[PDB]
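Student: Questions regarding the structure given below will be posed in turn.
Note that we place each Cβ from the backbone using ideal geometry, even for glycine, and neighbour counts take in every protein chain shown. A short reminder: the numbers here are calculations on the coordinates, not readings from a lab.
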Amino acid sequence: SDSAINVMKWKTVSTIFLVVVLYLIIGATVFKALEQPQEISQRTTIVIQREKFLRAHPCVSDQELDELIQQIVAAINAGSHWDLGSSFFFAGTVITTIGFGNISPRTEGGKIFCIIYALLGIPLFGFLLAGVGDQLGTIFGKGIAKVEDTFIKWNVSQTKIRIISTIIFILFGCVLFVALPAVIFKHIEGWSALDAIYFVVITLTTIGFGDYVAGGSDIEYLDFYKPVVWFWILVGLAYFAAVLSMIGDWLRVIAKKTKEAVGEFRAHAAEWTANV
Amino acid sequence: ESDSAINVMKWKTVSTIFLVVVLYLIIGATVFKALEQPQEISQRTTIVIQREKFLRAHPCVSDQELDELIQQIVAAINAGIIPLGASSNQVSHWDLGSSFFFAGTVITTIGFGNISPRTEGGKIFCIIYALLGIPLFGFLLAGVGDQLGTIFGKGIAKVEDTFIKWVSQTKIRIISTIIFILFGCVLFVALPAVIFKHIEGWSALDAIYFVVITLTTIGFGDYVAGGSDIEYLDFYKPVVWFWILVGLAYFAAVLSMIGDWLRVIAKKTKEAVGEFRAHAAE
Ligand SMILES: CS(=O)(=O)Nc1ccc(C(=O)NCc2ccc(Cl)cc2Cl)cc1
Ligand SMILES: CS(=O)(=O)Nc1ccc(C(=O)NCc2ccc(Cl)cc2Cl)cc1
Ligand SMILES: CCCCCCCCCCCCCCCC
Ligand SMILES: CCCCCCCCCCCCCCCC
Ligand SMILES: CCCCCCCCCCCCCCCC
Ligand SMILES: CCCCCCCCCCCC
Ligand SMILES: CCCCCCCCCCCC
Ligand SMILES: CCCCCCCCCCCC
Ligand SMILES: CCCCCCCCCCC
Ligand SMILES: CCCCCCCCCCC
Ligand SMILES: CCCCCCCCCC
Ligand SMILES: CCCCCCCCCC
Ligand SMILES: CCCCCCCC
Ligand SMILES: CCCCCCCC
Ligand SMILES: CCCCCCCC
Ligand SMILES: CCCCC
Ligand SMILES: CCCCC
Ligand SMILES: [K+]
Ligand SMILES: [K+]
Ligand SMILES: [K+]
Ligand SMILES: [K+]
Ligand SMILES: [K+]
């Protein structure tokens, strides 16, 4: 029977799917909870700012303000953006699929090229990010050859120290690729503590909202900064990739334990209810 | 456990790719400023034109405070404001279902980002939500790919039988891969782009563009399906969810297929250089 196996699979697909569906639902309700209020208070005070700009400047008639705002919304569809190096940045947002999109093509040619550039770049960059991960993996693999010797000749031994080693990756990894660069961005970009960490995560997961961008504002940047941030991305993507994947297997583990633990609760209500 | 003889062979391959990437970026960059710098200038001279016609048409406005005004508008437009008087009431951006949409942009890492948290809590949650969701959604997109793969696997069991005429094994692989790309383009690129053109009002190019940008999970968010207030059959948006769920699993294989094509090109070209050497000497 071969449809027997596919019904085993589609059972597993559907349950995950509903987990995702319900993870979204829980998510949605927490975001609306967090953002609906702050959306109201920003919408009442933006109508305050508006009528206060008719009274604090009686020169402005009510009719020609509507015209200005149309002109500004029009110019949010443009904003140099496409200078010799921000177009290099842009090519970066494509092939990493971070895609901040503060900058995005407007020419139909630029869109058509971007389509081609992506279908060829996103694979290509991939191979780099695998090598970047290969080397960086054997770097930390040597690192545990040094730490899995001095702690393994004494106090409590194997099968739990794997749980200690994985902590050292996440802890040192957070420092090198989350903490240290967030501190840098705090000073250089002017972001708060939270915003910098936020920007790290959003960008290294390649979510890349682009509500925050490293380099995006009109500051003096020391000519070493932006290229250090390239290297950070190049390396830090390969880090989160493993980080996300590690979380991946943890879910697999949790899903086994929980599934069989439900089975335990079942087998003890049965023989609790047989007992009359 | 991990010798230096093989890792030197690897770091040789990493570095060459890296410089290919570096150069692919450079070529890219130069084609994009080529395409976009001009149209950035002409929009940016005519925005200074529009400016002076209401710099000096109203000198009573402080005019330091006009450049401050636009700062106050664009800063507030990234939460999403409709600051007007002939439409002062305002549909919610974090309503029941747009926050559901947003949670979608996170765990798929499309991240359009027209909407993004402002609250410190929303940022903190979003960080947690992503580190747990991006793995989770992964599992779904693997099953979604599993089923969809065995669907097309049965499809070729029907087509790899009737085209057995007086046939190779490794050459019908080249016929199969064509029907994946052909039918896949129609189901997941062409047909939905046509839908979007009608429903969203986008041109032909914009729709296809939006498909690709979104299905690769680039997700600039210069275009979004559902983003405006228009009508929305609400048959529509849930169909688009399903399209994404399936279409991500499609591009994943599509991009991966391109992946091995590069592997193949990189083999032929590497050995062709070596031949080009002994044959340019002559
Ligand atoms: C509106 S602007 O585009 O013209 N200003 C800029 C903003 C950022 C950069 C830049 O290179 N930042 C570092 C970086 C590099 C590669 C990648 Cl993929 C992501 C990131 Cl954050 C340049 C200009
Ligand atoms: C002002 S608004 O931004 O809040 N307007 C909305 C915009 C879009 C949607 C929506 O569901 N679109 C389909 C969809 C679904 C899931 C994913 Cl991941 C991507 C996409 Cl395109 C809902 C509201
Ligand atoms: C013989 C020249 C043909 C190329 C024409 C370039 C002029 C600019 C027109 C751009 C039209 C958009 C298509 C670009 C696709 C690369
Ligand atoms: C190698 C066979 C050629 C197939 C080229 C199609 C690649 C897929 C890119 C998406 C283009 C969709 C076609 C839209 C035409 C209106
Ligand atoms: C019009 C399409 C142009 C794009 C062609 C891309 C070809 C990619 C060749 C890359 C060479 C890889 C060598 C790597 C050696 C490890
Ligand atoms: C062998 C060295 C490994 C890379 C160390 C990463 C340091 C972080 C630099 C990025 C700071 C923005
Ligand atoms: C009116 C139809 C617009 C078609 C635009 C061409 C799209 C090119 C993408 C295909 C590249 C392989
Ligand atoms: C789109 C840019 C293609 C760049 C061509 C790279 C060819 C490099 C040859 C290196 C010798 C192996
Ligand atoms: C044999 C696994 C398939 C179970 C039936 C569900 C198929 C629905 C396909 C999507 C319409
Ligand atoms: C060691 C697990 C603690 C993390 C929270 C677990 C959520 C409960 C799931 C049921 C096992
Ligand atoms: C968000 C998780 C809700 C509790 C887990 C429900 C899954 C049970 C599947 C057996
Ligand atoms: C049978 C697998 C796919 C069937 C429907 C796909 C069409 C999506 C239209 C948006
Ligand atoms: C569509 C233009 C491609 C430019 C690259 C030419 C060199 C192969
Ligand atoms: C609005 C439907 C037009 C039919 C598609 C033609 C463009 C290929
Ligand atoms: C945004 C309204 C559509 C909600 C769909 C929910 C599950 C498909
Ligand atoms: C099988 C359910 C997994 C949720 C953690
Ligand atoms: C129960 C309100 C949700 C509307 C989709
Ligand atoms: K992404
Ligand atoms: K993205
Ligand atoms: K990923
Ligand atoms: K994005
Ligand atoms: K974006």
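Student: Is it true that residue A:271 is farther than 26 Å from residue A:16 by Cβ, away from ligand 2 (no atom under 16 Å from the Cβ), acidic (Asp, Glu) and within 32 Å of the chain's Cα centre (by Cα)?
Tutor: The answer is no for residue A:271.
Student: Going by the structure shown, is residue B:158 loosely packed, with under 14 Cβ neighbours inside 10 Å and assigned to a helix (DSSP H, G or I)?
Tutor: yes
Student: So which residues in region B:105-142 are within 7 Å of chain A (Cβ to nearest Cβ) and within 16 Å of ligand 12 (Cβ to nearest atom)?
Tutor: Result: B:140, single match.
Student: Additional query: Would you point out the residue of region B:38-65, among those that are hydrophobic (A, V, I, L, M, F, W, C) and more than 9 Å from chain A (Cβ to nearest Cβ), that is surrounded by the most Cβ atoms within 10 Å (Cβ to Cβ)?
Tutor: B:55
Student: Something else about it: Mind telling me which of the residues A:202, A:167, A:188 ends up being part of a helix (DSSP H, G or I), away from ligand 22 (no atom under 16 Å from the Cβ), of a type outside the set (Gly, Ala, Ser) and surrounded by 16 or more Cβ atoms within 10 Å (Cβ to Cβ)?
Tutor: Among A:202, A:167, A:188, only A:188 is part of a helix (DSSP H, G or I), away from ligand 22 (no atom under 16 Å from the Cβ), of a type outside the set (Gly, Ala, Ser) and surrounded by 16 or more Cβ atoms within 10 Å (Cβ to Cβ).
Student: On the given criteria, is residue B:110 closer than 30 Å to residue A:107 by Cβ, within 16 Å of ligand 19 (Cβ to nearest atom) and touching a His at 6+ places or on another chain (Cβ under 8 Å)?
Tutor: For residue B:110, the condition - closer than 30 Å to residue A:107 by Cβ, within 16 Å of ligand 19 (Cβ to nearest atom) and touching a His at 6+ places or on another chain (Cβ under 8 Å) - is not met.
Student: Please pick out the residue among A:211, A:249 that is charged (D, E, K, R), buried (at least 19 other Cβ atoms within 10 Å of the Cβ) and either within 10 Å of chain B (Cβ to nearest Cβ) or away from ligand 5 (no atom under 16 Å from the Cβ) (or both).
Tutor: The unique qualifying residue is A:211.
Student: May I ask you to list the residues in region A:252-276 that are assigned to a helix (DSSP H, G or I) and either within 11 Å of another protein chain (Cβ to nearest Cβ) or hydrophobic (A, V, I, L, M, F, W, C) (or both)?
Tutor: If the condition is that a residue be assigned to a helix (DSSP H, G or I) and either within 11 Å of another protein chain (Cβ to nearest Cβ) or hydrophobic (A, V, I, L, M, F, W, C) (or both), then A:252, A:253, A:254, A:255, A:261, A:262, A:265, A:267, A:269, A:270, A:272 are the ones that fit.
Student: Select from region A:1-18 the residues that are in contact with a helix residue (DSSP H, G or I) (Cβ under 7 Å, 6 or more places away or on another chain) and not hydroxyl-bearing (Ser, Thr, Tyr) and list them in ascending order.
Tutor: A:6, A:9, A:10, A:13, A:16, A:17
Student: Another question, if that's okay. With the requirement that a residue be surrounded by 15 or more Cβ atoms within 10 Å (Cβ to Cβ) and more than 7 Å from every other protein chain (Cβ to nearest Cβ), what does region A:75-104 give you?
Tutor: Correct list: A:86, A:89, A:93, A:95, A:96, A:98, A:100, A:102, A:103.
Student: Since residue B:33 meets every condition but one in (1) at the interface with another protein chain (Cβ under 7 Å from one of its Cβ atoms); (2) loosely packed, with under 13 Cβ neighbours inside 10 Å, which condition does it not meet?
Tutor: (2)
Student: Need the failing condition index for residue A:104 against (1) assigned to a helix (DSSP H, G or I); (2) under 30 Å from residue A:225 (Cα atoms); (3) hydroxyl-bearing (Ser, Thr, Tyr), just the number.
Tutor: (1)
Student: Return the pair list, or none, for Cβ contacts closer than 8 Å from residues in region A:132-158 that are more than 16 Å from ligand 1 (Cβ to nearest atom) to residues that are assigned to a helix (DSSP H, G or I) and among the hydroxyl-bearing types (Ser, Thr, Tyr), at least 6 apart or on different chains.
Tutor: These pairs meet every condition: A:136/A:239; A:144/A:165; A:147/A:165; A:148/A:165.
Student: Is it the case that some residue within region B:205-226 is within 20 Å of residue B:111 (Cβ to Cβ), among the acidic types (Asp, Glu), more than 16 Å from ligand 22 (Cβ to nearest atom) and under 23 Å from the mean Cα position of the chain (by Cα)?
Tutor: yes
Student: Picking from B:87, B:15, B:99, B:42, which residue would you name as being hydroxyl-bearing (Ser, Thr, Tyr) and in a loop (DSSP other than H, G, I, E, B)?
Tutor: Unique residue meeting the criteria: B:87.
Student: Determine if region A:221-240 includes at least one residue that is within 16 Å of residue A:97 (Cα to Cα) and part of a loop (DSSP other than H, G, I, E, B).
Tutor: For region A:221-240, residues within 16 Å of residue A:97 (Cα to Cα) and part of a loop (DSSP other than H, G, I, E, B): absent.
Student: Same structure, new question: Can you tell me which residue among B:35, B:69 is in a helix (DSSP H, G or I) and either in contact with a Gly (Cβ under 6 Å, 6 or more places away or on another chain) or within 16 Å of ligand 8 (Cβ to nearest atom) (or both)?
Tutor: B:35 is the lone residue from the list that is in a helix (DSSP H, G or I) and either in contact with a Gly (Cβ under 6 Å, 6 or more places away or on another chain) or within 16 Å of ligand 8 (Cβ to nearest atom) (or both).
Student: Looking only at region B:213-253, which residues are out of contact with any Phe, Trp or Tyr (no Cβ under 9 Å at 6 or more places or on another chain), under 30 Å from residue A:79 (Cβ atoms) and among the acidic types (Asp, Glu)?
Tutor: Scanning region B:213-253 gives a single hit, B:229.
Student: Any residue at all in region B:143-155 that's within 16 Å of ligand 21 (Cβ to nearest atom) and either within 25 Å of residue A:95 (Cβ to Cβ) or among the β-branched types (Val, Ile, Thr) (or both)?
Tutor: no
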